[PDB]
Structure formats: structure tokens, C-alpha cells
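Student: Position 33 (the sequence shown) corresponds to 33 in the entry's author numbering; numbering is contiguous. All C-beta atoms, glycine included, are put in the ideal place defined by N, C-alpha and C. Structure below; questions to follow.
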Amino acid sequence: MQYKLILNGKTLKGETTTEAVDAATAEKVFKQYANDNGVXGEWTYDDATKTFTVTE
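Here it is, written out as C-alpha cells:
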């Protein structure tokens, strides 16, 4: 359903959400968006809060 992405990058701080019924799909969306926004970073999965966190 609603997945969260937390972007904690040295030049990019922010958060966004996506409608995905699969964690891999949500990861794909977040990974694409992050990568296109110049973020590689350390990826952690906070599954309890349905959140992918990028620490750059």
C-alpha cells in the first residue's frame, strides 16, 4: 500500500511516499527516484514502519 522513503543525503534531505503492493516494487520506485536524484547511499529497510531509508 503506502510505502515511505526517507532520504538523508548530504545535499538532499526529504521524504516521499508511493502506492505499491510489493516491497520490491516500492524499492524499485524509490531506488529509481533516488538514483535519478543523485543518490546511490546506505539503504536500510524499516519494515515495521513500511519505510526505506537512504543514508548518504
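1) I need the DSSP call for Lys-10, collapsed to helix, strand or coil.
2) Quick one, which of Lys-10, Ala-26, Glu-15 and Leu-12 has its alpha-carbon nearest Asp-47's?
3) Report the residue from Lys-50, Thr-49 and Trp-43 whose alpha carbon sits nearest the alpha carbon of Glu-56.
4) Roughly how many angstroms lie between the CA atoms of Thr-49 and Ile-6, to the nearest whole one?
5) Exposed or buried, which one is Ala-34 when buried takes at least 16 other CB atoms within 10 Å?
Tutor: The short version:
1) The count along the sequence shown starts at 1 and reaches residue 10 at position 10. Coil at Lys-10, not helix or strand.
2) Translated into positions along the sequence shown, residue 47 becomes position 47. Nearest C-alpha to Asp-47: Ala-26.
3) Position 56 of the sequence shown holds residue 56. Answer by Cα proximity: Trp-43.
4) Here residue 49 refers to the residue found at position 49 when the sequence shown is read from its first residue. Here residue 6 refers to the residue found at position 6 when the sequence shown is read from its first residue. Their backbone Cα atoms lie some 11 Å apart in a straight line.
5) By 1-based counting over the sequence shown, the position of residue 34 is 34. With 16 or more other Cβ atoms within 10 Å, it is buried.
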